[PDB]
Every structure is written in structure tokens, then in C-alpha cells.
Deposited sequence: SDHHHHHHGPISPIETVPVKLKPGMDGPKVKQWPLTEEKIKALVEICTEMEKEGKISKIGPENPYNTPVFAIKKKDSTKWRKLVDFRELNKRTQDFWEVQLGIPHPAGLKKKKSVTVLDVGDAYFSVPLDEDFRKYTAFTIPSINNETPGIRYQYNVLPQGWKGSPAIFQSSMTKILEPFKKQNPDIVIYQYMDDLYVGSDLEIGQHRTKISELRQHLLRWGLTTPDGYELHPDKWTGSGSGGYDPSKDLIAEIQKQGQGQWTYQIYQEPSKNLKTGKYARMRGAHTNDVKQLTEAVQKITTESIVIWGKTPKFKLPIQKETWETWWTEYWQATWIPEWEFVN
């Protein structure tokens, strides 16, 4: 991950009269702690985070998810506290839409030195019995709402040659993802995705393989909040409603040695969100058919998105 440019540092503020977040770190398995220690040691060596002293009172929770492990930060409270900074109706009509995570970009952009204290986090000790290892970010963090806002002018400059050369392709950005849609034959669409990823890479932006959607095959919206309600429909399936119904659907509810309701609900939350972004450009608030304590206990075991939505129970 390349070096940062000090002149790209952008001042950023909390909302007036709000202090930084102090959300405690929940306990992690020793396997997850080891993984985070390894990740954070590398980030620190590369200047992306720094160990902090005893004066800093803020905290944002972190966890680890998977072959390899990735660090996930729950910035929901910092996001609420951070200052504030069009959706194509045709995206859902495209033969293919590939979702590309472009959050790697953020490691190459500095965070306002005065704001870094609000990104503090702790790698926990085993059982949270002794003080953890405290760090803060020096670069735009993934999951923070300021990061895509601050990176937007560079993202635009980077994408411009691709968009100019491909008027048949729609590119929509939402949070840290690009949604790249076309009506090309799947092989030709995939070639365009590869050209895009190679262009990003040329400018220092690595991407994982993208996720492919085919929304033209999917089954009154007020742009002025989306609610997604999932309910148990007996022993064997899930139903859901999206309303402000705008959409309803179903998923299988399976029992087995490698699944459970929390795992299935995290999957359905991700899929409903992705579909809602494609169709309307908005992330729903969720109502989940599970007890808070059970959810709060296990959702991070299976969560795969970089983003984390709001949910009630």
C-alpha cells in the first residue's frame, strides 16, 4: 500500500455539540485476537494505524471475519456523530451488474490529524480480563462514512477514461462499492469488468473479484426511509417485506450442522440490502425475527459486508 500525500488531508469535524464515540470492545476468541494482532502489526508498520497513549478515551469496536481473515470495524456510532458532507433507475434493468469493493483506495489517503483520536479502537485481551492494545487510524478507514465522500474527487478522476470509453455501461457508487451494469453478453460484460479492475490497479486501487447480479431477472417509492421486515414462516422458510409493500420475497430456512438462524439472517440482510441499493439506492432499516441478545451475540460470526445497517428486534 503506497505512501500518502500530505496535501490530500481534508479537515473533518464531528457534528456540533457531539463528542466522539465510546462503544466498548466485546470479547473475541483467541483465534480472532491473533488474527487482528497480525493485521494490525502490518498496518502499523505501513503507517496506516498508530498505537495511542493512555489519554485517549474513545472507542469503536472491531472484529475479525474470514482462508484469510479481514478486520471489520463497527463505525456506526462514529458515523452518527460525524458531520454530513443520483441513483439510475435503469440499473435494475441491466442484464448484469457487478459489485466491486473499492475500499482498498482509502489506505492511501491521510485522515485529518485532529480527527484521528475519534477512530480509536482496542484489540481485546483474552476474555477482556486485562487492558487491550489501543490504536487509532492515520488514513481514511473503511466503514467510516467520511471515507467515500473524501475520496470522491479522486475516484471520479480515476473512472473518467473508463466511463468516456464505455457509454453503454452504467457505474453507480454506493458506500464503498461500485455497481457496474450493462446489457452486454456475459463474456463481454466480464471483459469490461476486467478492464476496469486493471485500470483501478494501475492507479493503485486493488479490488477483489466482484459479485455478479442479474437484476433484469428479479421478480410507489418515496425518495424522501426503507424498512425491511423478515419473519419466520414456519420451520422451512423466511419471508420478507420491504416497505415505507414495495417488494416481498422468500428465502429457505434450513437446519443443519453448519447453519443456524443468525447465519441465514445475516445472509438475507446482505442480499436484501444489495437488492435495495440496486433498485432504489437506499439501505433499509431491518426488523429481524430474533431476540436482541441472540443476534447481538452471534451476528459478527458470519457478517461479510464492510457496512453494517441498523436493525431492531
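Residues of the deposited sequence that lack C-alpha coordinates fall in the stretches 1-7, 74-77, 97-103, 238-242, 248, 269-272, 342-343.
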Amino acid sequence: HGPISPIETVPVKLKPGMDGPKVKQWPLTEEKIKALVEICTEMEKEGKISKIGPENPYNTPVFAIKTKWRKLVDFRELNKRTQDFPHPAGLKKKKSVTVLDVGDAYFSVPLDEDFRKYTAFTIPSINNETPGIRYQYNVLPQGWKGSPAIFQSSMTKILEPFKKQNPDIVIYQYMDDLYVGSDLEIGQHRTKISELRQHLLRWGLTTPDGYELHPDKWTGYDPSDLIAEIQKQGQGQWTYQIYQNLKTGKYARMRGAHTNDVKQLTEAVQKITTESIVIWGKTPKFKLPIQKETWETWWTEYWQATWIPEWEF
From here on, numbers count along this sequence of modelled residues.
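Set 184-192 against 151-159 and average the Cα temperature factors; 184-192 ends up higher. In this entry, the higher average B-factor at the C-alpha atoms falls on 257-265, of the pair 54-62 and 257-265. You'll see in the entry that, of 217, 116, 80, 197, the Cα B factor peaks at 217. As recorded in the entry, 245 carries the highest CA temperature factor of 41, 270, 276, 245.
Ranked by Cα temperature factor within the chain, residue 49 sits in the lowest third according to the deposited record. Ranked by Cα temperature factor within the chain, residue 121 sits in the lowest third according to the deposited record. Looking at the C-alpha B-factors along this chain, the one for residue 211 belongs to the middle third. Split the chain's modelled residues into thirds by C-alpha temperature factor. Residue 13 is in the middle one. Residue 204: CA B factor lies in the lowest third for its chain, per the PDB record.
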